[PDB]
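Remarks on the structure that follows.
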Amino acid sequence: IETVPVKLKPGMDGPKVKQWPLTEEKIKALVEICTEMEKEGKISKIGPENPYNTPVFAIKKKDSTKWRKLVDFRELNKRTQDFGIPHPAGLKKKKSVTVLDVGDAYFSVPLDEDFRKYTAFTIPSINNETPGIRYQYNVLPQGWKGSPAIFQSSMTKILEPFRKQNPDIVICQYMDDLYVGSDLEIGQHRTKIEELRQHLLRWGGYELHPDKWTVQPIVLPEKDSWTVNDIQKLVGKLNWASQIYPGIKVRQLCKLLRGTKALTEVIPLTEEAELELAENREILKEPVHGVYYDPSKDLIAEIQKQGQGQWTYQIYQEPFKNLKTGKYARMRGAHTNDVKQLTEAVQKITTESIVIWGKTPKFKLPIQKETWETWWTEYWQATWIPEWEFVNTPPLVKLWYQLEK
Amino acid sequence: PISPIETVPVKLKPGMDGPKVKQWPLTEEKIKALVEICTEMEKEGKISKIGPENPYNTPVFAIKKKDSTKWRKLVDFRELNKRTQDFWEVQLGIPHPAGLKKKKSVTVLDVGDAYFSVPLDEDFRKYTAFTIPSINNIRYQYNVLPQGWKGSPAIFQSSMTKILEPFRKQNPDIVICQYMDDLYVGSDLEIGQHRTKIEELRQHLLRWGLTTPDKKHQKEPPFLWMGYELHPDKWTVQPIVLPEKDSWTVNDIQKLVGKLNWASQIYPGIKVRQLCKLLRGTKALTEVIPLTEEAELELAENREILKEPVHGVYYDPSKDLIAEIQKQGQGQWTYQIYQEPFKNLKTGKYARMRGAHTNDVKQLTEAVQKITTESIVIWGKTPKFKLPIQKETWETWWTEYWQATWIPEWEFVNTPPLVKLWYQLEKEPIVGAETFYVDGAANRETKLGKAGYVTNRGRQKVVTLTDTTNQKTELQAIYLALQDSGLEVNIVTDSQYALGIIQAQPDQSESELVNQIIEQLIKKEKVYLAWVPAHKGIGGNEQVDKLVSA
Ligand SMILES: Cc1ccnc2c1NC(=O)c1cccnc1N2C1CC1
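If you're matching them up, the sequences are chains X and R in order.
Count the first sequence with the UniProt record's numbering and you get residues 592 to 674, 680 to 800, 818 to 1018, in order.
Count the second sequence with the UniProt record's numbering and you get residues 588 to 724, 729 to 1141, in order.
Next up, the structure:
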C-alpha cells in the first residue's frame, strides 16, 4: 500500500543497542522464524553498512509450546516521533476484561522505506563461530510504538460493527493487545468474545477482573498485653507512616517507652495511649485524600520482596501519594526461584497500569542488574517491555506494607 | 585478481568531507620505489590515476619491510578513517577454545591480501586519493578495499559470508569459522575426503578472484590461537616465560604482575600479594626496586607452577555441562567447567573487592551468575552446578534476603571449606539477656564525639572520640555494646546503618570498624538487634542518648 512516512523525533539517531547472548535453543528458534519471515518478504538481510541494532530474543506464552519472537524496541520507541490515540476509563470499572494478541495485523502493512534501516536487529551465533545474522523489517513490526499507530485506521474499521452492535462493550488497544471489557456475565462475555475473534479472523482460567483491585488498608497489630519491644516496633512504624497521614500521633505511646527497660518487659497501656492508638487505627482505615492521577507525569512502580513467596508494591507519581498498592503471592510452581516470581509480578502490575491509566509504569526493582539481565527473558510473556531501574529497598518501607490487610 | 562482487555502499560521517592533508617530501629512493610499486598495482587495476578534479589527499609513505631489503608502501588513512561512517560489528567477541567441538581434522586458509580482492564503492573511491611527489616539486586512488581503512575488515567479512553461503549449504557436515584473513575449516571426514573438499572450497574462492595459499603452502596444526595451542582433539596452554633477572624496575613488576594475573586463571595457585607490595610509594616507573625475600619465594613458587603445561579438551554436545566452584579465600573463587571429570574444558577465578558490605553467599551467588553468562556465550547453554554450600544454608539465606536472587539447578558438593552463614540475628528479643540502649553522637564540624550505652541491668559506659564522624560514633556505640555484653545480647539503636546490617547481615565490609563489629557478632551466641526512631522520647534514646548530645 502507500506508506505513511515515519520519522525520528528531531535530533535523534537510530538505536545501537548490543545483542544479549542467547541460548542455543532459542537461537535455533529465531533462525527458523526468520528464514520464514524472510521468504514471506516481511524482513530482509542487511549489510554492515547499516550500523543500527536492537536486541532480539524468543519466548513462549502459556498454553503455547511454539516459540515466539520478541524484539526490544524500547530504545527505538523512545526515539520515534509521537502522533494521538484515546484511552477510556470504562474497562477500569468493567466486571471483566479480556486481552487479545492482534500483533499479527501489522505484518500486512508495509513500513516506509527510509525508516527501515532503524529496525535492524541481529541473531547472534553460539561462541561467535560465525558472524551474526542481520535483518531489518519491511512491514510494521510488532512491539514498535508506531505500529498500532499506523494501523489505527484499518483497526477502527474492522471493529466498528462489533462496536456499534455492542456499545455495552469496551475495547481498548495498547500495542499488540486489545482489551475487551463487559459486565455481561461470563457466559455472554466469553461467547461474545469468541464472536469478536471470528469477527477479526474474518478479516485476516484467564479472564481479568478490574473492579476487584481495591487498595488495601494498613492494619495494626493487637495484643492482650504489650512489651517494650512490641511498642517500639509499633511506634517506629507509626512515625514513618505519619509522612502519609499527618494526623498520626505517637507521644502518648513514646511516653510508656521512657526508662531503660528490657525489651521483653511487659507494659500496660495508659488510657491516654489507648486512645492515641484507637485514634490512629481510625485514620488508617482509609487512603490519604488528595491523590489524583496526573497524565503528564510518569507512573512509578516500587516492589519489595517480603519473603515466603510474598511481594508488595505501590504505584505512585509522587512518593507517599500512592495511586494504588497491593500484595502478590507467588504463582504455583515458582516455589524455588525469585526471578520467576518477580517477572510474573512485573507483568501483572504493568497490566493493571495499562487497564487503568493505559500506560506502563517505570519499575524500581529489588534485584541486582546482572541477576535480572541474565534471566528475565526466560520467564517473560508479554509483547511489551516496561522501563526499569535496580534499587535497594529501605528496611522501613518494607515493614510498613507488610502490615497491609 | 579483483572480484566480480557487489560493492557495499559506503558514505562519510554526517556532513563531513574527504581528506585534504599535505604530502611529505621524499628522498630520491623513497620516491623511486613508490613509483615502481604503484606502477605495479596500477597495472593490476588495483589503483587508478586521477586528475585535478579530486581535491582530497592522503599521505603515502615508504618503509622497507624487514627481512627484504626491498621497498614497500604505506598509506595513512587516519584522517579518512575519522571521516568515514561507522559499521556494525567487526567482532561480536572471540570464540573461546572450549566452545569448539573436536574434529577429525582442521585446515586454515590464509585469505591474506583478499582485502585487495574486494572492489571498493565506485562513488567513495574519490576520498582515497593520494600523491607521489617528484624530486624538486603523480596522483592515484583505490578501486579496491585499502589496507588499514575503517570499513575494509567489515566489508570484507560480509563479502566473505556471502561468497560462503553456497559452499556451506552444499557441505553442512563441514565447518568453517572465519576470523580476519584466516579461514578455519574442519570436519569429521576421512583425511582424503577432507583434503578433496578443502581443495573444492579453495577453487570456489578461487572463482571470485580470491586467491588462497595451496596445500603445498598453507598452515598446519598445532595452531596458535592467541594464547592457546590448538590440536583438533585437544588445545594447550602455551607455557608462559617469566624473565629471570638481576635488577627490577617498577614498570617491570607491573608487566610481570600483569602476566601473572592472566595466568592465575588457568593456573590457580599463582600468587602476587608480596610482589604487588613492591609498588607502594613508587616514585618513577623506572626506579629499581629491591626484591624482598618474601617476593623471592613467591616469584619462585610461580615459576614452578608455570612449569607444568596444561592441555584441555573440546566441547562434546552429547554430554552435560558441569561447573564446580571453590572458595580460595574471602571473596576469591575458583571454578572449573568439564564434561568428564578431570577432563577440563575451562577454568577461572575471581577476586571480589569487598565493596560496601557483602557476604559469602551473596558472593557465591555472583560467581554462579558470571559463570552462567560466559557458559551461554560459549555453549549456548548453562551448567549444572556443584556448590560448596548446603541446601539448608542456601534456603535459610535466600528466602529471607531482601534482594531477588537465584541459583540454577545445582547440587551440594562437600568439598571444604564450605560457605556458611557466620551469624544470624534473632527474629525477636532474647528472654533473659541484658538490654543495651546504645547511642552515638558527634559534632560534624569539630569531629568530636561520644559513644555509649546503659543497660536494663544498670550497667553503663561512655567514651569520648577525637577526629571521628557520626556514623562511626553510632557504630562504635554498637561495637562497645557487643564488647561488654556476653553471649546473649539485645541492642536497641536509632541508627540508619544499623538498619543496614539488620537487613543484610554482612560478613565482610570495607569499613574496618564494621568488620570489627562483624567479628564481634560472630563471637556472640545469640544477638537480637532493634531500631527505634531517633530524637523521639524512646527512653534509652533518652538516657544514653541524653548523655551524648551537647
Ligand atoms: C581458531 C579457530 C576458531 C574457530 N574454529 C576453529 C579454529 N581452529 C582450529 O584449529 C580448531 C580446533 C578444533 C576444532 N575446530 C577448530 N576450528 C574449526 C573451524 C574448523
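Note that CB positions come from ideal geometry on N, CA and C, so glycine has one too.
### Query
Distance, Cα to Cα, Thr671/R vs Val622/R?
Sequence index remark: in the second sequence, residue 671/R carries index 84 (1-based). Sequence index remark: in the second sequence, residue 622/R carries index 35 (1-based). If I take the Cα positions, the gap works out to 28 angstroms.
### Query
Less than 8 angstroms between the CB of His822/R and some heavy atom of ligand 1, yes or no?
Along the second sequence, read from residue 1 onward, the residue named residue 822/R stands at position 231. Flag set: Cβ of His822/R near ligand 1.
### Task
Measuring only between beta-carbons, confirm whether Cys625/X sits less than 9 angstroms from chain B.
The chain inventory of the structure shown lacks chain B, comprising the protein chains X and R.
#### Entry: Extent of the continuous beta strand (DSSP E) run through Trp1001/X
As a first step, residue 1001/X is located in the first sequence; it is residue number 388 there, counting from the start. Per DSSP, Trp1001/X belongs to the beta strand (DSSP E) from 1000-1003.
### Message
Can you look up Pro706/R in the DSSP assignment and give me helix, strand or coil?
### Response
Within the second sequence, the letter at position 119 stands for residue 706/R. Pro706/R: strand per DSSP, three-state reduction.
### Task
Could you pull out every residue in the same chain whose Cβ sits closer than 6 angstroms to the Cβ of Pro601/R, ignoring the five residues on either side in sequence?
On the second sequence, residue 601/R is found 14 positions in, with the first residue counted as 1. Nothing meets the Cβ criterion.
### Query
What residue ranges within the region 1056-1107 of chain R form continuous alpha helix (DSSP H) runs of no fewer than 4 residues, ordered along the chain?
Here the runs fully enclosed are 1061-1074, 1087-1095.
#### Entry: Uninterrupted beta strand (DSSP E) stretches inside the region 896-953 of chain R (no shorter than 3 residues)
Runs of the beta strand (DSSP E) inside the region 896-953 of chain R: 901-903, 913-920, 923-931, 934-942.
### Query
Where does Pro757/R fall in DSSP's three states?
Position 166 of the second sequence, counted from the first residue, corresponds to residue 757/R. Note: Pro757/R maps to helix in three-state DSSP.
### Task
Say whether the region 798-808 of chain R touches the region 668-686 of chain R, bearing in mind that this needs 3 or more beta-carbon pairs closer than 8 angstroms, one atom from each stretch.
no
#### Entry: Interface residues of the region 1026-1039 of chain R facing chain X [CB-CB below 7 angstroms]
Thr1026, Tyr1028
### Query
Quick one: does the C-beta of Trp816/R sit closer than 8 angstroms to a heavy atom of ligand 1?
Counting from one through the second sequence, the residue named residue 816/R turns up at place 225. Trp816/R Cβ: within cutoff of ligand 1.
#### Entry: Inter-residue spacing [alpha-carbon to alpha-carbon] between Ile880/X and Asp837/X
The sequence position of residue 880/X within the first sequence is 267, counting from 1. The sequence position of residue 837/X within the first sequence is 224, counting from 1. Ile880/X and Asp837/X: Cα-Cα distance of roughly 11 angstroms.
### Query
Cα separation between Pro646/R and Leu707/R?
For this step, residue 646/R is matched to residue 59 along the second sequence. For this step, residue 707/R is matched to residue 120 along the second sequence. About 19 angstroms.
### Task
Give a yes or no on whether the C-beta atoms belonging to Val828/X and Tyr858/X are separated by under 9 angstroms.
Along the first sequence, one-based indexing puts residue 828/X at 215. Along the first sequence, one-based indexing puts residue 858/X at 245. Contact annotation: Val828/X and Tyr858/X have beta-carbon atoms that are not nearer than 9 angstroms.
### Query
Taking 8 angstroms as the cut-off, is the CB of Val693/R close to at least one heavy atom of ligand 1?
Against the second sequence, residue 693/R aligns to sequence position 106. Flag set: Cβ of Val693/R near ligand 1.
### Message
For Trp985/R, count the other beta carbons within 10 Å of its own beta carbon; 16 or more makes it buried, fewer makes it exposed. Which is it?
### Response
Counting from one through the second sequence, the residue named residue 985/R turns up at place 394. Buried is the call here.
### Query
Are the region 1117-1132 of chain R and the region 1080-1091 of chain R touching by the rule of at least three beta carbon pairs closer than 8 angstroms?
yes
### Query
Under a three-way DSSP split, which group does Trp839/R fall into?
On the second sequence, residue 839/R is found 248 positions in, with the first residue counted as 1. When DSSP states are grouped into helix, strand and coil, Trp839/R belongs to the strand group.
### Query
Does DSSP put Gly783/X in a helix, a strand or coil?
Locating residue 783/X in the first sequence gives position 187, counting from the first residue. Correct three-state label for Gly783/X: helix.
#### Entry: Pairwise C-alpha distance: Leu1066/R and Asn1034/R
Translated into positions along the second sequence, residue 1034/R becomes position 443. Translated into positions along the second sequence, residue 1066/R becomes position 475. Going by the C-alpha atoms only, they are around 15 angstroms apart.
### Query
Alpha carbon to alpha carbon, how far is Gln921/R from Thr963/R?
Counting from 1 along the second sequence, the entry for residue 921/R is found at position 330. Counting from 1 along the second sequence, the entry for residue 963/R is found at position 372. A direct Cα-to-Cα measurement between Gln921/R and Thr963/R gives close to 21 angstroms.
### Message
Using CA atoms only, rank isn't needed, just tell me which of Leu955/R, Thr626/R, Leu870/R is closest to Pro1008/R.
### Response
Residue numbering aside, residue 1008/R sits at position 417 when the second sequence is read from its first letter. Of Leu955/R, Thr626/R, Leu870/R, the residue nearest in Cα terms is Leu955/R.
### Message
At the level of alpha carbons, what is the spacing between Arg712/X and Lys753/R?
### Response
One-based indexing of the first sequence puts residue 712/X at position 116. One-based indexing of the second sequence puts residue 753/R at position 162. When rounded, the distance between both Cα atoms is 22 angstroms.
### Message
With a threshold of 8 angstroms, are at least 3 pairs of Cβ atoms found where one atom belongs to the region 915-930 of chain X and the other to the region 787-797 of chain X?
### Response
The region 915-930 of chain X vs the region 787-797 of chain X: no contact.
### Message
For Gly605/X, would you say it is in contact with chain R, using Cβ-to-Cβ distances shorter than 9 angstroms as the test?
### Response
In the first sequence, the residue the question calls residue 605/X occupies position 14. No, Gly605/X does not count as interfacial toward chain R.
### Task
From the DSSP output, read off the bridge partner residues of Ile980/X.
In the first sequence, residue 980/X corresponds to position 367, counting from 1. Bridge partners of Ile980/X: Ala995/R.
#### Entry: Range of the contiguous beta strand (DSSP E) that encloses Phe1003/R
Stepping through the second sequence from its first residue, residue 1003/R is reached at position 412. It spans 1001-1003 - the beta strand (DSSP E) in which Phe1003/R sits, taken as one unbroken run.
### Query
What does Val952/X reach in chain R if we use C-beta pairs closer than 7 angstroms?
In the first sequence, counting from the first residue as 1, residue 952/X sits at position 339. Residues of chain R passing the Cβ test: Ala995, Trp997.
### Beta-bridge pairing of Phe976/R - partner residues as DSSP gives them
Start at 1 with the first residue of the second sequence, and residue 976/R comes out as number 385. In the DSSP output, where bridge partners are listed per residue, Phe976/R has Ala914/R, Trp1001/R.
### Message
On the CB-based measure, 16 or more other CB atoms within 10 Å of its CB, does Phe674/X come out buried or exposed?
### Response
Your numbering for residue 674/X matches position 83 in the first sequence. With fewer than 16 other Cβ atoms from the protein chains shown falling within 10 Å of its own Cβ, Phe674/X counts as exposed.
### Message
Tell me which residues share the same chain as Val828/R and place their Cβ nearer than 6 angstroms to its Cβ, disregarding the 5 neighbours each side in the sequence.
### Response
Start at 1 with the first residue of the second sequence, and residue 828/R comes out as number 237. If we look at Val828/R and ignore the five residues flanking it on each side, its Cβ neighbours are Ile857, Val901.
### Task
Just the chain R side, please: which residues come within less than 7 angstroms of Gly872/X by C-beta, in chain order?
Working through the first sequence from its first residue, we reach residue 872/X at position 259. Among the residues of chain R, those whose CB is under 7 angstroms from the CB of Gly872/X are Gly1130, following chain order.
### Message
I'd like to know if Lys918/X contacts chain R, where contact means its C-beta is closer than 9 angstroms to some C-beta of that chain.
### Response
On the first sequence, position 305 is the one that residue 918/X refers to. With 9 angstroms as the cut-off, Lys918/X counts as an interface residue toward chain R.
### Query
Quick one: what's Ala1042/R bridged to in DSSP?
What you label residue 1042/R is simply residue 451 of the second sequence in a count that begins at 1. Partner(s): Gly1031/R, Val1054/R.
### Task
Alpha carbon to alpha carbon, how far is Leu755/X from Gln769/X? Give it in angstroms, no decimals.
Taking the first sequence and counting its residues from 1, one reaches residue 769/X at position 173. Taking the first sequence and counting its residues from 1, one reaches residue 755/X at position 159. Going by the C-alpha atoms only, they are around 11 angstroms apart.
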